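Beneath this line is the structure, given in structure tokens, with notes to follow.
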Protein chains: 2
Amino acid sequence: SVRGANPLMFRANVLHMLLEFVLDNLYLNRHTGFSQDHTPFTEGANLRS
Amino acid sequence: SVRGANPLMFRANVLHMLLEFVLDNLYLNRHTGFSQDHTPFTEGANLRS
């Protein structure tokens with residue numbers, strides 16, 4: 001079949017899914033640069049661009 | 001007659017038949033290889049092939 005999965009292995013599939021979810025987010029955040037704002041609702045708040 | 005047999009020799013014929021039976025069933029048992037059951041018919045038993 002192509003539109004069906006084996007219910008006897010949902011746990012193995014979910015464990016592999018969670019492993020990949022973790023492995024995909026192994027990055028270090030980067031510091032880019034900001035921009036001072038003067039919109040009437042974000043007065044003088046440095047925003048990241 | 002092609003469809004007749006002498007009754008006074010059933011014992012000899014049956015002794016020879018039993019001897020051939022035993023001589024035929026003189027083998028050892030190979031270990032082939034198994035396979036997990038991916039369906040819910042059994043409790044995940046291992047099946048020969």
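If you're wondering about the labels, chains in the structure tokens are A, B, ... by order shown, residues count from 1 in each chain, ligands from 1 in order shown.
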
Mind dumping a table of every chain B residue within 12 Å of chain A, with the nearest atom pair and its distance in Å to one decimal, using only C-alpha atoms, sorted by chain and rising number, as CSV?
residue,atom,partner,partner_atom,distance
B:37,CA,A:8,CA,10.3
B:38,CA,A:8,CA,7.4
B:39,CA,A:8,CA,7.6
B:40,CA,A:8,CA,7.8
B:41,CA,A:8,CA,11.6
B:42,CA,A:8,CA,12.0
B:43,CA,A:8,CA,10.9
B:44,CA,A:8,CA,9.7

For the reference chain A, what are the coordinates of chain B after least-squares fitting (all Cα, in-order pairing), as a PDB file with N, CA, C and O atoms, in the first residue's frame?
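Dumped to part_28.pdb:
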ATOM      1  N   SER B   1      -0.391  -0.867   0.420  1.00  0.00           N
ATOM      2  CA  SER B   1      -1.097   0.360   0.091  1.00  0.00           C
ATOM      3  C   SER B   1      -0.243   1.587   0.375  1.00  0.00           C
ATOM      4  O   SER B   1       0.461   1.659   1.386  1.00  0.00           O
ATOM      5  N   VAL B   2      -0.310   2.560  -0.533  1.00  0.00           N
ATOM      6  CA  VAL B   2       0.432   3.799  -0.362  1.00  0.00           C
ATOM      7  C   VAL B   2      -0.151   4.640   0.761  1.00  0.00           C
ATOM      8  O   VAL B   2       0.513   5.553   1.265  1.00  0.00           O
ATOM      9  N   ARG B   3      -1.376   4.342   1.185  1.00  0.00           N
ATOM     10  CA  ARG B   3      -2.051   5.089   2.233  1.00  0.00           C
ATOM     11  C   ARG B   3      -2.255   4.259   3.493  1.00  0.00           C
ATOM     12  O   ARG B   3      -3.167   4.540   4.273  1.00  0.00           O
ATOM     13  N   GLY B   4      -1.429   3.244   3.702  1.00  0.00           N
ATOM     14  CA  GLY B   4      -1.553   2.395   4.868  1.00  0.00           C
ATOM     15  C   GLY B   4      -0.229   2.253   5.587  1.00  0.00           C
ATOM     16  O   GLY B   4       0.841   2.347   4.990  1.00  0.00           O
ATOM     17  N   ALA B   5      -0.321   2.019   6.893  1.00  0.00           N
ATOM     18  CA  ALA B   5       0.849   1.852   7.736  1.00  0.00           C
ATOM     19  C   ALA B   5       0.563   0.789   8.783  1.00  0.00           C
ATOM     20  O   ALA B   5      -0.567   0.650   9.252  1.00  0.00           O
ATOM     21  N   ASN B   6       1.595   0.042   9.143  1.00  0.00           N
ATOM     22  CA  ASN B   6       1.436  -1.044  10.100  1.00  0.00           C
ATOM     23  C   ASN B   6       1.337  -0.473  11.508  1.00  0.00           C
ATOM     24  O   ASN B   6       2.251   0.234  11.940  1.00  0.00           O
ATOM     25  N   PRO B   7       0.263  -0.746  12.248  1.00  0.00           N
ATOM     26  CA  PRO B   7       0.114  -0.132  13.572  1.00  0.00           C
ATOM     27  C   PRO B   7       1.134  -0.603  14.584  1.00  0.00           C
ATOM     28  O   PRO B   7       1.386   0.115  15.556  1.00  0.00           O
ATOM     29  N   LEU B   8       1.736  -1.772  14.396  1.00  0.00           N
ATOM     30  CA  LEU B   8       2.667  -2.317  15.374  1.00  0.00           C
ATOM     31  C   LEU B   8       4.050  -1.704  15.286  1.00  0.00           C
ATOM     32  O   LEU B   8       4.993  -2.259  15.857  1.00  0.00           O
ATOM     33  N   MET B   9       4.202  -0.583  14.587  1.00  0.00           N
ATOM     34  CA  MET B   9       5.507   0.040  14.423  1.00  0.00           C
ATOM     35  C   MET B   9       5.433   1.550  14.572  1.00  0.00           C
ATOM     36  O   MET B   9       6.415   2.245  14.263  1.00  0.00           O
ATOM     37  N   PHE B  10       4.298   2.070  15.041  1.00  0.00           N
ATOM     38  CA  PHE B  10       4.183   3.492  15.317  1.00  0.00           C
ATOM     39  C   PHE B  10       5.226   3.940  16.330  1.00  0.00           C
ATOM     40  O   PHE B  10       5.763   5.044  16.221  1.00  0.00           O
ATOM     41  N   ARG B  11       5.541   3.095  17.312  1.00  0.00           N
ATOM     42  CA  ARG B  11       6.508   3.496  18.330  1.00  0.00           C
ATOM     43  C   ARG B  11       7.901   3.652  17.737  1.00  0.00           C
ATOM     44  O   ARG B  11       8.595   4.636  18.014  1.00  0.00           O
ATOM     45  N   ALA B  12       8.339   2.679  16.938  1.00  0.00           N
ATOM     46  CA  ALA B  12       9.649   2.791  16.310  1.00  0.00           C
ATOM     47  C   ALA B  12       9.709   3.996  15.383  1.00  0.00           C
ATOM     48  O   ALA B  12      10.695   4.745  15.381  1.00  0.00           O
ATOM     49  N   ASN B  13       8.645   4.216  14.606  1.00  0.00           N
ATOM     50  CA  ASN B  13       8.638   5.360  13.704  1.00  0.00           C
ATOM     51  C   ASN B  13       8.677   6.674  14.473  1.00  0.00           C
ATOM     52  O   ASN B  13       9.377   7.611  14.076  1.00  0.00           O
ATOM     53  N   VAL B  14       7.958   6.755  15.593  1.00  0.00           N
ATOM     54  CA  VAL B  14       7.938   7.991  16.362  1.00  0.00           C
ATOM     55  C   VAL B  14       9.267   8.224  17.055  1.00  0.00           C
ATOM     56  O   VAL B  14       9.705   9.371  17.198  1.00  0.00           O
ATOM     57  N   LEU B  15       9.933   7.161  17.506  1.00  0.00           N
ATOM     58  CA  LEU B  15      11.264   7.330  18.075  1.00  0.00           C
ATOM     59  C   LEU B  15      12.231   7.870  17.034  1.00  0.00           C
ATOM     60  O   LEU B  15      13.018   8.782  17.317  1.00  0.00           O
ATOM     61  N   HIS B  16      12.181   7.328  15.816  1.00  0.00           N
ATOM     62  CA  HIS B  16      13.050   7.848  14.767  1.00  0.00           C
ATOM     63  C   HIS B  16      12.702   9.293  14.429  1.00  0.00           C
ATOM     64  O   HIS B  16      13.592  10.111  14.166  1.00  0.00           O
ATOM     65  N   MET B  17      11.413   9.627  14.444  1.00  0.00           N
ATOM     66  CA  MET B  17      10.999  10.997  14.167  1.00  0.00           C
ATOM     67  C   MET B  17      11.539  11.958  15.212  1.00  0.00           C
ATOM     68  O   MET B  17      12.025  13.045  14.878  1.00  0.00           O
ATOM     69  N   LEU B  18      11.461  11.580  16.486  1.00  0.00           N
ATOM     70  CA  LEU B  18      11.974  12.448  17.539  1.00  0.00           C
ATOM     71  C   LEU B  18      13.486  12.590  17.442  1.00  0.00           C
ATOM     72  O   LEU B  18      14.030  13.681  17.662  1.00  0.00           O
ATOM     73  N   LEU B  19      14.179  11.501  17.107  1.00  0.00           N
ATOM     74  CA  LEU B  19      15.623  11.587  16.921  1.00  0.00           C
ATOM     75  C   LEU B  19      15.981  12.549  15.797  1.00  0.00           C
ATOM     76  O   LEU B  19      16.902  13.360  15.942  1.00  0.00           O
ATOM     77  N   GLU B  20      15.278  12.470  14.667  1.00  0.00           N
ATOM     78  CA  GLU B  20      15.573  13.392  13.574  1.00  0.00           C
ATOM     79  C   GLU B  20      15.226  14.824  13.942  1.00  0.00           C
ATOM     80  O   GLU B  20      15.928  15.752  13.534  1.00  0.00           O
ATOM     81  N   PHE B  21      14.156  15.022  14.709  1.00  0.00           N
ATOM     82  CA  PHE B  21      13.808  16.350  15.202  1.00  0.00           C
ATOM     83  C   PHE B  21      14.955  16.956  16.005  1.00  0.00           C
ATOM     84  O   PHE B  21      15.390  18.091  15.750  1.00  0.00           O
ATOM     85  N   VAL B  22      15.467  16.199  16.974  1.00  0.00           N
ATOM     86  CA  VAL B  22      16.557  16.707  17.799  1.00  0.00           C
ATOM     87  C   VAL B  22      17.811  16.923  16.965  1.00  0.00           C
ATOM     88  O   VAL B  22      18.493  17.942  17.110  1.00  0.00           O
ATOM     89  N   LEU B  23      18.138  15.979  16.079  1.00  0.00           N
ATOM     90  CA  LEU B  23      19.336  16.127  15.258  1.00  0.00           C
ATOM     91  C   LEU B  23      19.239  17.328  14.338  1.00  0.00           C
ATOM     92  O   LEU B  23      20.259  17.925  13.986  1.00  0.00           O
ATOM     93  N   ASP B  24      18.028  17.697  13.931  1.00  0.00           N
ATOM     94  CA  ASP B  24      17.882  18.861  13.075  1.00  0.00           C
ATOM     95  C   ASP B  24      18.045  20.145  13.867  1.00  0.00           C
ATOM     96  O   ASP B  24      18.677  21.093  13.392  1.00  0.00           O
ATOM     97  N   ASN B  25      17.489  20.198  15.073  1.00  0.00           N
ATOM     98  CA  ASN B  25      17.605  21.436  15.835  1.00  0.00           C
ATOM     99  C   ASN B  25      18.885  21.507  16.664  1.00  0.00           C
ATOM    100  O   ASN B  25      18.819  21.806  17.859  1.00  0.00           O
ATOM    101  N   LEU B  26      20.050  21.266  16.060  1.00  0.00           N
ATOM    102  CA  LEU B  26      21.332  21.377  16.766  1.00  0.00           C
ATOM    103  C   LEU B  26      22.184  22.427  16.072  1.00  0.00           C
ATOM    104  O   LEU B  26      23.138  22.090  15.374  1.00  0.00           O
ATOM    105  N   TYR B  27      21.903  23.693  16.358  1.00  0.00           N
ATOM    106  CA  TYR B  27      22.620  24.818  15.782  1.00  0.00           C
ATOM    107  C   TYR B  27      22.897  25.818  16.893  1.00  0.00           C
ATOM    108  O   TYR B  27      22.329  25.735  17.984  1.00  0.00           O
ATOM    109  N   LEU B  28      23.780  26.764  16.619  1.00  0.00           N
ATOM    110  CA  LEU B  28      23.986  27.903  17.495  1.00  0.00           C
ATOM    111  C   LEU B  28      23.245  29.104  16.923  1.00  0.00           C
ATOM    112  O   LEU B  28      22.736  29.070  15.802  1.00  0.00           O
ATOM    113  N   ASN B  29      23.187  30.177  17.703  1.00  0.00           N
ATOM    114  CA  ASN B  29      22.372  31.337  17.374  1.00  0.00           C
ATOM    115  C   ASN B  29      23.273  32.520  17.040  1.00  0.00           C
ATOM    116  O   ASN B  29      24.043  32.975  17.893  1.00  0.00           O
ATOM    117  N   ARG B  30      23.160  33.024  15.812  1.00  0.00           N
ATOM    118  CA  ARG B  30      23.967  34.157  15.388  1.00  0.00           C
ATOM    119  C   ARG B  30      23.420  35.464  15.941  1.00  0.00           C
ATOM    120  O   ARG B  30      22.229  35.602  16.224  1.00  0.00           O
ATOM    121  N   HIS B  31      24.319  36.422  16.085  1.00  0.00           N
ATOM    122  CA  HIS B  31      23.988  37.797  16.421  1.00  0.00           C
ATOM    123  C   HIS B  31      24.045  38.601  15.130  1.00  0.00           C
ATOM    124  O   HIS B  31      25.131  38.847  14.595  1.00  0.00           O
ATOM    125  N   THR B  32      22.881  38.991  14.614  1.00  0.00           N
ATOM    126  CA  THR B  32      22.822  39.619  13.300  1.00  0.00           C
ATOM    127  C   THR B  32      23.044  41.127  13.380  1.00  0.00           C
ATOM    128  O   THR B  32      24.007  41.648  12.811  1.00  0.00           O
ATOM    129  N   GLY B  33      22.182  41.830  14.083  1.00  0.00           N
ATOM    130  CA  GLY B  33      22.257  43.277  14.149  1.00  0.00           C
ATOM    131  C   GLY B  33      20.871  43.873  14.252  1.00  0.00           C
ATOM    132  O   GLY B  33      19.898  43.380  13.696  1.00  0.00           O
ATOM    133  N   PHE B  34      20.779  44.978  14.979  1.00  0.00           N
ATOM    134  CA  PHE B  34      19.496  45.529  15.391  1.00  0.00           C
ATOM    135  C   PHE B  34      19.269  46.887  14.732  1.00  0.00           C
ATOM    136  O   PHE B  34      20.061  47.340  13.904  1.00  0.00           O
ATOM    137  N   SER B  35      18.171  47.536  15.112  1.00  0.00           N
ATOM    138  CA  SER B  35      17.790  48.813  14.523  1.00  0.00           C
ATOM    139  C   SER B  35      16.778  49.503  15.425  1.00  0.00           C
ATOM    140  O   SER B  35      15.783  48.891  15.818  1.00  0.00           O
ATOM    141  N   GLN B  36      17.039  50.766  15.749  1.00  0.00           N
ATOM    142  CA  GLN B  36      16.101  51.560  16.530  1.00  0.00           C
ATOM    143  C   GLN B  36      14.750  51.628  15.831  1.00  0.00           C
ATOM    144  O   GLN B  36      14.657  51.559  14.605  1.00  0.00           O
ATOM    145  N   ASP B  37      13.693  51.761  16.623  1.00  0.00           N
ATOM    146  CA  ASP B  37      12.337  51.852  16.096  1.00  0.00           C
ATOM    147  C   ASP B  37      11.988  53.324  15.916  1.00  0.00           C
ATOM    148  O   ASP B  37      11.897  54.070  16.894  1.00  0.00           O
ATOM    149  N   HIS B  38      11.786  53.739  14.669  1.00  0.00           N
ATOM    150  CA  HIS B  38      11.507  55.132  14.355  1.00  0.00           C
ATOM    151  C   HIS B  38      10.022  55.460  14.351  1.00  0.00           C
ATOM    152  O   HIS B  38       9.661  56.610  14.087  1.00  0.00           O
ATOM    153  N   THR B  39       9.159  54.495  14.629  1.00  0.00           N
ATOM    154  CA  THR B  39       7.719  54.683  14.681  1.00  0.00           C
ATOM    155  C   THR B  39       7.208  54.561  16.107  1.00  0.00           C
ATOM    156  O   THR B  39       7.894  54.035  16.987  1.00  0.00           O
ATOM    157  N   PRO B  40       5.994  55.041  16.374  1.00  0.00           N
ATOM    158  CA  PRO B  40       5.460  55.041  17.742  1.00  0.00           C
ATOM    159  C   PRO B  40       4.791  53.748  18.178  1.00  0.00           C
ATOM    160  O   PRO B  40       4.094  53.758  19.196  1.00  0.00           O
ATOM    161  N   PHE B  41       4.959  52.647  17.444  1.00  0.00           N
ATOM    162  CA  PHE B  41       4.291  51.411  17.829  1.00  0.00           C
ATOM    163  C   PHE B  41       4.888  50.837  19.104  1.00  0.00           C
ATOM    164  O   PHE B  41       4.160  50.314  19.954  1.00  0.00           O
ATOM    165  N   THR B  42       6.202  50.921  19.255  1.00  0.00           N
ATOM    166  CA  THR B  42       6.881  50.516  20.474  1.00  0.00           C
ATOM    167  C   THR B  42       7.549  51.727  21.103  1.00  0.00           C
ATOM    168  O   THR B  42       7.642  52.799  20.503  1.00  0.00           O
ATOM    169  N   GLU B  43       8.021  51.550  22.333  1.00  0.00           N
ATOM    170  CA  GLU B  43       8.692  52.619  23.066  1.00  0.00           C
ATOM    171  C   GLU B  43      10.167  52.696  22.661  1.00  0.00           C
ATOM    172  O   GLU B  43      11.083  52.567  23.470  1.00  0.00           O
ATOM    173  N   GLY B  44      10.382  52.904  21.365  1.00  0.00           N
ATOM    174  CA  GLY B  44      11.732  52.992  20.833  1.00  0.00           C
ATOM    175  C   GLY B  44      12.567  51.748  21.041  1.00  0.00           C
ATOM    176  O   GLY B  44      13.759  51.852  21.351  1.00  0.00           O
ATOM    177  N   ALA B  45      11.976  50.573  20.869  1.00  0.00           N
ATOM    178  CA  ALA B  45      12.703  49.336  21.097  1.00  0.00           C
ATOM    179  C   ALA B  45      13.673  49.057  19.955  1.00  0.00           C
ATOM    180  O   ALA B  45      13.575  49.627  18.866  1.00  0.00           O
ATOM    181  N   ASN B  46      14.623  48.167  20.219  1.00  0.00           N
ATOM    182  CA  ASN B  46      15.590  47.725  19.225  1.00  0.00           C
ATOM    183  C   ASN B  46      15.111  46.423  18.605  1.00  0.00           C
ATOM    184  O   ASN B  46      14.803  45.467  19.322  1.00  0.00           O
ATOM    185  N   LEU B  47      15.058  46.383  17.279  1.00  0.00           N
ATOM    186  CA  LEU B  47      14.469  45.272  16.551  1.00  0.00           C
ATOM    187  C   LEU B  47      15.527  44.579  15.709  1.00  0.00           C
ATOM    188  O   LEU B  47      16.415  45.234  15.155  1.00  0.00           O
ATOM    189  N   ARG B  48      15.432  43.256  15.609  1.00  0.00           N
ATOM    190  CA  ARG B  48      16.379  42.497  14.806  1.00  0.00           C
ATOM    191  C   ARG B  48      16.201  42.826  13.330  1.00  0.00           C
ATOM    192  O   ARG B  48      15.293  43.557  12.925  1.00  0.00           O
ATOM    193  N   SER B  49      17.093  42.280  12.510  1.00  0.00           N
ATOM    194  CA  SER B  49      16.939  42.327  11.058  1.00  0.00           C
ATOM    195  C   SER B  49      17.610  41.065  10.520  1.00  0.00           C
ATOM    196  O   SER B  49      18.815  41.050  10.267  1.00  0.00           O
TER     197      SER B  49
END

Could you pull out the strand (DSSP E or B) residues of chain A from DSSP and send them as JSON, numbers by chain?
{"A": [34, 35, 47, 48]}

Could you please write out, as a ChimeraX atom specification, every residue of chain B that DSSP assigns to alpha helix (DSSP H)?
/B:10-24

Using the selection just defined, write its residues with C-alpha atoms as an mmCIF file, in the first residue's frame.
data_model
loop_
_atom_site.group_PDB
_atom_site.id
_atom_site.type_symbol
_atom_site.label_atom_id
_atom_site.label_comp_id
_atom_site.auth_asym_id
_atom_site.auth_seq_id
_atom_site.Cartn_x
_atom_site.Cartn_y
_atom_site.Cartn_z
ATOM 1 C CA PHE B 10 0.540 -59.606 3.550
ATOM 2 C CA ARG B 11 2.830 -59.969 6.567
ATOM 3 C CA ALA B 12 6.028 -60.143 4.521
ATOM 4 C CA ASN B 13 4.889 -57.239 2.357
ATOM 5 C CA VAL B 14 4.004 -55.133 5.400
ATOM 6 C CA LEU B 15 7.347 -55.875 7.046
ATOM 7 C CA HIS B 16 9.130 -54.711 3.905
ATOM 8 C CA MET B 17 6.898 -51.630 3.795
ATOM 9 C CA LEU B 18 7.750 -50.707 7.380
ATOM 10 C CA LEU B 19 11.450 -51.239 6.700
ATOM 11 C CA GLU B 20 11.324 -48.909 3.698
ATOM 12 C CA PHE B 21 9.367 -46.371 5.758
ATOM 13 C CA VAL B 22 12.063 -46.291 8.433
ATOM 14 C CA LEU B 23 14.897 -46.278 5.886
ATOM 15 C CA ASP B 24 13.302 -43.308 4.158
#
